[PDB]
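# Structural description and commentary
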Amino acid sequence: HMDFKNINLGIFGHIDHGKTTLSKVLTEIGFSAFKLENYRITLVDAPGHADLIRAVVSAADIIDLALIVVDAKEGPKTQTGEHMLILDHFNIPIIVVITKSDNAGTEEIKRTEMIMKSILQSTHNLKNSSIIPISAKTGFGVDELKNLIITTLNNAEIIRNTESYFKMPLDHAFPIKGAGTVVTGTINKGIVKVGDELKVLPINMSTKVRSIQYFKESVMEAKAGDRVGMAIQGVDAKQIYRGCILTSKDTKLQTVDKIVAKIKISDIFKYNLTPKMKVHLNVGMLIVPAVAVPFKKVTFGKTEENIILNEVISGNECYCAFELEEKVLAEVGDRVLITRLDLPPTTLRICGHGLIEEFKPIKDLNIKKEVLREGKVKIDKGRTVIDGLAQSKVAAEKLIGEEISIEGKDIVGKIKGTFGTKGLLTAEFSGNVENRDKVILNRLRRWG
Ligand SMILES: Nc1nc2c(ncn2[C@@H]2O[C@H](COP(=O)(O)OP(=O)(O)O)[C@@H](O)[C@H]2O)c(=O)[nH]1
Ligand SMILES: [Mg+2]
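Residues numbered from 1 in each chain as written, not as in the entry; some residues may be left out. Chains lettered and ligands numbered in written order. Heavy atoms only, no water.

X-ray crystallography is the method the PDB entry states for this structure, with the resolution given as 3.030 Å.

Looking at the PDB entry, one finds the protein named MJ0495-LIKE PROTEIN and attributed to Methanococcus maripaludis. As deposited in the PDB, this entry carries the title "CRYSTAL STRUCTURE OF TRANSLATION ELONGATION FACTOR SELB FROM METHANOCOCCUS MARIPALUDIS IN COMPLEX WITH GDP". Listed under Function (unreviewed entry) in UniProt, the entry text for the protein is "Translation factor necessary for the incorporation of selenocysteine into proteins. It probably replaces EF-Tu for the insertion of selenocysteine directed by the UGA codon. SelB binds GTP and GDP." In UniProt, the protein has this text filed under Subcellular location (unreviewed entry): "Cytoplasm". (UniProt positions renumbered as here; feature names shortened; annotations may be inferred.)

Laid out in structure tokens, this is it:
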């Protein structure tokens, strides 16, 4: 017959907004799927709030399209917001579906519609995404929703990665007996054939593939993007839990403690740069408490330094050094999601996102502090003094023999002397120094 294309469709939104009902309506035309044209569409499914999060963080590669449901009457709520954010960070095309249109008047629907438009405009990659009102109970606009899903899937670039090592997470695990186990999950990268030797991580065992179940059918081979059941031998299902990963033996996957990421910030005004910060880091399918130290990479003309962030977010660099409390499975280039989930569900919980550049500890990053002390130039008759670099004779004495520049005048000087008990100094300059001049003291420090 005709060649099918395998699609994974996520469904997101606040609870009671009609996620489940929409899913059921879609599935009638574990594993729950439906067909549109030649698209085989498997629903990415988790019960709710944090589960969808854990689902996207891990499965982002293979999630082609997402439906974000919003009640017509009460409009966007918090969870709608965080789902929107997450989907924006991971660059997943979305359709905004306004549910329960039968329970709302035209005016209300148009209102919510416009609110959603305004919201969509505040996002990077979701900037304009089509919005349809529907009623899953009534069937209102559902046909149009299907046609739209088709159009969107037609436009979006769907890249399945076969070429790399086989990489799949494990959602569920069923023992049969001591000699066998069945796991279920969607393949991220690579290819599997029946009778292959793979491994479970972090526990690092070695198992063989007995059976591949795809689309309620047995197949010899599965590919990335396919959501499959798999029977494997050499493991009991008690050892396999929420964070386990089945992968080939050529794998680049590592069990990691320290993670260095390149971080993009979601909302600038809600974001804060105070270093050594306690957050919840989403990596793969887990969420591990973590400590973060924001820093930027500066080229001084000879050596590249990693300097603690100057609190300026101008320029997009926010390399974060993360130290994790627990372990995690990661690869270089994996999308990582910084959340604060300690906060109540009532407020937006996303503290960032970013690509893992290196697995490295802070101590080896040679972290440094940019050090600037500013003081003025007071000149009485015949004598030049610098004020404000030191608050006492002790500190003033500590400063002797440093490098100092004068602002905007392009003039260099060294500070030799220490004047008075109040911390005044004396310095050697190139000539043409004037009263009330600006002195910048510049040096590199050991941070923390
Ligand atoms: N009138 C109407 N009610 C709906 C529609 N979709 C869902 N509901 C109702 O909303 C309630 C909860 O929706 P649900 O499917 O559980 O959404 P979820 O909890 O976010 O997955 C149920 O009692 C449904 O009857 C709709 O299109 N029209
Ligand atoms: Mg539900």
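In this section: empty space enclosed by the protein. Size it by volume and the largest cavity reaches roughly 40 Å³. In terms of lining residues, the largest cavity is bounded by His49, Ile53, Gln79, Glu82, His83 and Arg349. Among the elements of the structure, α2 (49-59) and α3 (78-89) are those that each provide at least two residues to the lining of the largest cavity. (1 Å grid on protein atoms, 1.4 Å probe; cavity = no way out; pocket = protein on both sides within 12 Å on 5 of 7 lines; lining within 4 Å. Points joined across faces, edges and corners; volume = space filled by probe spheres on them. Helix = DSSP H or I, 4+ residues; strand = E, 2+ residues; numbered from the N terminus.)

Among the structural elements, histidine 89 can be located in helix α3. Polar side-chain contacts of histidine 89 include one of 2.3 Å to the side chain of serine 266. Residues within four places of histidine 89 in sequence aside, it is in contact with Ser266, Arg335, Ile350, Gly352 and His353. (Polar contact = N/O pair within 3.5 Å; in protein donor to acceptor, adjacent residues only side chain to side chain. Contact = heavy atoms within 4.5 Å.)

All right, on to the packing of aromatic side chains then. What the rule picks out here adds up to 2 aromatic pairs. In this structure, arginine 227 packs its charged tip against the face of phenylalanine 31, placed 5.0 Å from the ring centre. Directly above the aromatic system of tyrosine 319 lies the positively charged group of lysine 297, at a separation of 5.5 Å from the ring centroid. (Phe/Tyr/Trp six-rings, centres within 6.5 Å; stacked < 30°, edge-to-face > 60°. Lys NZ or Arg CZ within 6 Å of the ring centre and 35° of its normal.)

Next up on the list: helix α5 (residues 142-155). Along an α-helix, a turn takes 3.6 residues, which lines up residues three or four apart on a common side. Counted at 1.5 Å a residue, the expected span for α5 with its 14 residues is 20 Å, and the 20 Å between its end C-alpha atoms agrees. Listed in full, the buried residues belonging to α5 are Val142, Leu145, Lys146, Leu148, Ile149, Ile150, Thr152 and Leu153. (Expected span 1.5 Å × (residues − 1). Buried < 20%, exposed > 50% of the residue type's maximum accessible area, 1.4 Å probe, protein only.)

A few words on the site of ligand 1. Taken together, 13 residues lie around ligand 1, and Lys19, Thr20, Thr21, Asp102 and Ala136 are the ones closest in. The separation between an oxygen atom of ligand 1 and a polar main-chain atom of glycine 18 is 2.9 Å. One of the side-chain N or O atoms of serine 135 is found 3.4 Å from an oxygen atom in ligand 1. When isolated, ligand 1 has an accessible area of 580 Å², and the protein chains bury 70% of it. Of the residues assigned to the shell around ligand 1, the class counts are 2 nonpolar, 6 polar and 5 charged. (Near = heavy atom within 4 Å. Areas by Shrake-Rupley, 256 points an atom, 1.4 Å probe, with all protein chains shown as cover. Nonpolar A, V, L, I, M, F, W, Y, C, P; charged D, E, K, R; others polar.)

A word on the pairing of strand β11 (residues 197-201). Most of β11 is tucked away, with 4 of its 5 residues classed as buried. Relative to strand β12 (residues 205-214), β11 is paired through 4 bridges, and the arrangement is antiparallel. Looking at the pairing, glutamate 197 lines up with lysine 208 of β12. In this structure, the hairpin formed by β11 and β12 is closed by a connection of 3 residues, where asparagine 204 is found at a positive phi of approximately 45 degrees. Here β11 pairs with strand β15 (residues 245-247) via 3 bridges, running antiparallel. (Pairing = 2+ DSSP bridges.)

What follows concerns the domain arrangement of the protein. Along its sequence, the protein is carved into domain 1 (1-160), domain 2 (161-252), domain 3 (253-369) and domain 4 (370-448). Here domain 1 and domain 4 have C-alpha centroids that lie 62 Å from each other. (Domains from an automatic or database assignment.)

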